[PDB]
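Peer 1: Give me coordinates for this.
(5 chains)
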Amino acid sequence: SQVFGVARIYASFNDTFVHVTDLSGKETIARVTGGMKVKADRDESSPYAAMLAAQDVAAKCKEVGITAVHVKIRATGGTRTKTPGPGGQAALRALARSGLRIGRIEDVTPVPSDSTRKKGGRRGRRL
Amino acid sequence: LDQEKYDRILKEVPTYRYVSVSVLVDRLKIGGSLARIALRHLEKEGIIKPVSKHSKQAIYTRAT
Amino acid sequence: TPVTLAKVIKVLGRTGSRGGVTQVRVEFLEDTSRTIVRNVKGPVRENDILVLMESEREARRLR
Amino acid sequence: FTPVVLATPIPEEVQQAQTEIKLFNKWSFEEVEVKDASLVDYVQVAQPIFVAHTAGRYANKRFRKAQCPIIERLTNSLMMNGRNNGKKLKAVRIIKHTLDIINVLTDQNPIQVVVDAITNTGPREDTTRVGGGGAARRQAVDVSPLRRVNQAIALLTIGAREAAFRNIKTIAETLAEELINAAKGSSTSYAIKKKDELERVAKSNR
RNA sequence: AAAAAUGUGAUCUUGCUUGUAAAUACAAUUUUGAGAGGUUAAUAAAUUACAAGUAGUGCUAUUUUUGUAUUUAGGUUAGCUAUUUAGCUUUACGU
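Peer 2: Residues are numbered from 1 along each chain as shown, chains lettered A, B, ... in the order given. Shown next is the protein structure:
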C-alpha cells in the first residue's frame, strides 16, 4: 500500500538538484536547485544548500501525496569529473530523514565510449 | 524627606521580611544618605528583628 | 527534551590541532552493551558519566 | 548538655552549638546532598568548613581541582575587577554574606541552593575551535563533566559583577539575586540569558 | 456601561458592492564647506466616518434611577545561522 515518485538528484560542481517527478518522468513536480536556499551566492554546491533543499522535496512530495521513493545519482558526467559532488551525499541523508520511504538506488552518471575531446588544451588546466 | 516617606516606611517594615538601604532606594527611592536612620531607629515591640555586620554590610529583617 | 546519560569506557587518542579534543568509546548507562565513538572537550578520564541529549552522531575523527 | 567550666570562658554559645555535632555552625553539609548524576564526583557535598581555608595545593595533582571545596572553588573566580586580585578575606568576610541573604530570601537549606546553582548552571552541549580553515565548524562536542563545572562557576561571576557596578546593590544582593534566579534556572540571571546563548549555538554546526 | 420603562408600518445593530473628508509628525547630528535647482520615476496604507445596493432585520429608536466610576483589562511583527526543543540580530529594501 504505497506510491512511488522517482527522485531525479544530481550534483556536479557549484550546484546540485533535488528534482522529483511521475515514475516515467514525461511529467515533473517540485524541482529545487541549490542557489535557491542560499543567498550567499558563493557556495551554490554546499553540503548544507542540498541538506535545506531536499526538505523542499518532501514538502512538495508530502503535499501531492508522494508517501514514497525510487533514486537517481548523476554526476557533471559527460566528457566531465563522474565524481559525485557534495549534494549527492547530504541529500541522499536528509531525504531519509524526511519520513521518506527509500527504494532502488543506483548511479546513472553519463558514461562515455570516448570521443568528445575534453576541454583545457594539451598542456592542461592550470593557478 | 516629607511626611509620606516615614509613614508609607513603618506601616508597609515590621513584617516586611528582607531589608537594607538598597531596599529603601528600590522600593520606601530618594535619599540613601539618611537611610542606615529610619530603618534601626526603634530596634515599643514592633519594628525589625535582625540577623545583621560592622559599618561593612547591614544585611536587617520579622517582633515575630 | 530526552536526556540519555552515557558512560565513557575507553579513552582513545588525542586530537585537534590544539589538543582541545580528547577521542572517545561510550557505554550507555541508562542499555549497557551498545558501545557506540563520539568526541568531547576536556582535561577527561575513564568514568566521566558523560551527558548527551543527542542519543548518536554516530561521530568520526578534526586539524 | 555539659558546660566546659575551664578565667577564660571560651564559649557556651560556640562550645551548645559545635561540641552537640561537624560543619560551619551557622549552616547544617547534615542531610544536604546533590540531585543529578554526572557533577556527583566532581563537586565536593562538603568536607567540614568547623571555616568557609585550605594552604591549597590543588593544581600540581592534574585532577584534584575535583577534593576542592565548591565554596572555597568559589571565593575561587570572585578573585578579581584586577584590583582586588589577591583578596580572599574580602572575598570571605561576601560569600559568608551570600549564604545568609539565599537563607533569608525562599527560606531554604541555602548551602543546598548553593549546590543547585551547580547541577542546571552547567553547559553540556558545547562547541570547540576544529583549526578547521579560515572558516569552519565548532565540531559540536558534551565537554568531561570536569571542564562542565569549571564553566558553571567561571559564567556566574561575569554577570553578578556588573549588577555592584554603578549599583545601589552591594554581590553579597546580586550574586543572592542570581542563584535563587539561576537554579528555577530562570533567565533573570545571566547563565540559563549564556549557558543556553552555546547549547543554542551548537544545536545547528552539529 | 447596573436599573426601570414610554415606542417605531410587531422590533433591533452581523456585515456586503461604492467614494472619498484625514493621521505616518518633524527637527538636530549628519549631506560637498553658504543657497537652493529634481525628498527625481515612485506614490499612498485602511484607519476612524457617513450614506446608496439591504444576505440582515420595518429603516432612525427614547425617558429617567446608579457609584468619582463597577467597567473587565494587559500582551501581538522582521532578518541570520550546522547551537535547529537551540544560538545570533531586532519594523527592511538603494542611505
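
Peer 1: my guess is residue A:54 meets residue A:99, correct?
Peer 2: No - between residue A:54 and residue A:99 there is no contact under CB atoms under 8 Å: 11.7 Å. From N, CA and C alone the C-beta is placed, and that goes for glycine too.

Peer 1: Which one's more surrounded, those two?
Peer 2: Using other CB atoms under 10 Å in any protein chain shown as the criterion, residue A:54 and residue A:99 rank with residue A:54 on top: 27 against 11.

Peer 1: quick one, what contacts that one?
Peer 2: A:18, A:32, A:90, A:91, A:94, A:95, A:98 (CB atoms under 8 Å, 6 or more residues apart in numbering or on different chains).

Peer 1: Pull out the buried residues from those residues.
Peer 2: A:18, A:32, A:90, A:91, A:94, A:95 (16 or more other CB atoms under 10 Å in any protein chain shown).

Peer 1: how near is the closest residue to the last one other than its chain neighbours to residue D:137?
Peer 2: Closest residue in space to residue A:95, ignoring its immediate chain neighbours: residue A:54 at 4.9 Å, by CB to CB, 6 or more residues apart in numbering or on different chains. Taking CB to CB, to the nearest Å as the criterion, residue A:54 is separated from residue D:137 by 20 Å.

Peer 1: how about the residues of chain C near RNA strand E?
Peer 2: C:1, C:2, C:53, C:54 (CB under 7 Å from any atom of the strand).

Peer 1: What is the burial count for whatever residue of chain A ends up closest to chain D?
Peer 2: When scored by CB to the nearest CB, chain A has residue A:48 as its residue closest to chain D, at 9.8 Å. Neighbour count for residue A:48, taken as other CB under 10 Å: 16.

Peer 1: tell me the secondary structure for it?
Peer 2: On the three-state scheme (DSSP: H, G, I helix; E, B strand; the rest coil), residue A:48 is labelled coil.

Peer 1: Next up, the contacts around it.
Peer 2: Here residue A:48 is in contact with A:38, A:90 (criterion: CB under 8 Å, 6+ apart).

Peer 1: try residue D:43
Peer 2: Residue D:43 touches D:34, D:70, D:115, D:118, D:119, D:149, counting by CB under 8 Å, 6+ apart.

Peer 1: I'd say the third one and residue D:74 touch.
Peer 2: No - with contacts defined as CB under 8 Å, residue D:115 does not count as touching residue D:74, sitting 11.2 Å away.

Peer 1: Which residue of these two possesses the greater neighbour count?
Peer 2: residue D:115 (25 against 21).

Peer 1: In contact with the residue nearest to the more buried one when sequence neighbours are not counted, which residues are there?
Peer 2: In space, and not counting its chain neighbours, residue D:115 is closest to residue D:34: 5.8 Å by CB to CB, 6+ apart. Counting by CB under 8 Å, 6+ apart, residue D:34 makes contact with D:40, D:43, D:45, D:115, D:118, D:119.

Peer 1: May I ask you to confirm that residue D:148 belongs to a helix?
Peer 2: Yes - Residue D:148 sits within a helix when classified using three-state DSSP.

Peer 1: The residue lying closest to it once chain neighbours are set aside: which element?
Peer 2: Leaving aside its chain neighbours, residue D:148 sits nearest to residue D:122 (4.1 Å; criterion: CB to CB, 6+ apart). Using DSSP states H and E, residue D:122 sits within no helix or strand.

Peer 1: Can you tell me how far residue D:122 is from chain B?
Peer 2: As defined by CB to the nearest CB, to the nearest Å, residue D:122 lies at a distance of 28 Å from chain B.
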